[PDB]
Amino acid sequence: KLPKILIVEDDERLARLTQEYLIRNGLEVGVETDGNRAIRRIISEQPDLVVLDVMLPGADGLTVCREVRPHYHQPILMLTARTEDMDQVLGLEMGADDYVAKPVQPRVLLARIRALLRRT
């Protein structure tokens, strides 16, 4: 009954800090650091929501979004370390549900995760 979140992020330090905060707030959270494994993992485990970094070893965020959408219908929240309008429009038009600039306050990330889960 706890929402399952998958954090796809290559920055291990930030990913674990975020995972611990979300677990303390009633979420079941896993971490993936590779785009290729993230594609198979998202399709196989079917998490309730994905937090997806744009730049990853292997498949980048846009590729992950494109490859899972036909087999994964749950929300995708993208995170970026640099605010560029082009990448934000492409991420949303590719099928992402949100696109947030890093760094994001942990409580804001949780509020955005809860908002996305309300329409599933």
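Residue numbers run from 1 along the displayed sequence.
The mean Cα B-factor in the deposited entry runs higher for 9-17 than for the other of 99-107 and 9-17. For the pair 31-39 and 78-86, the mean Cα B-factor is higher in 78-86. Residue 114 sits in the lowest third of its chain by CA B factor, as recorded in the PDB entry.
Residue 91: CA B factor lies in the lowest third for its chain, per the PDB record. Residue 51 sits in the lowest third of its chain by CA B factor, as recorded in the PDB entry.
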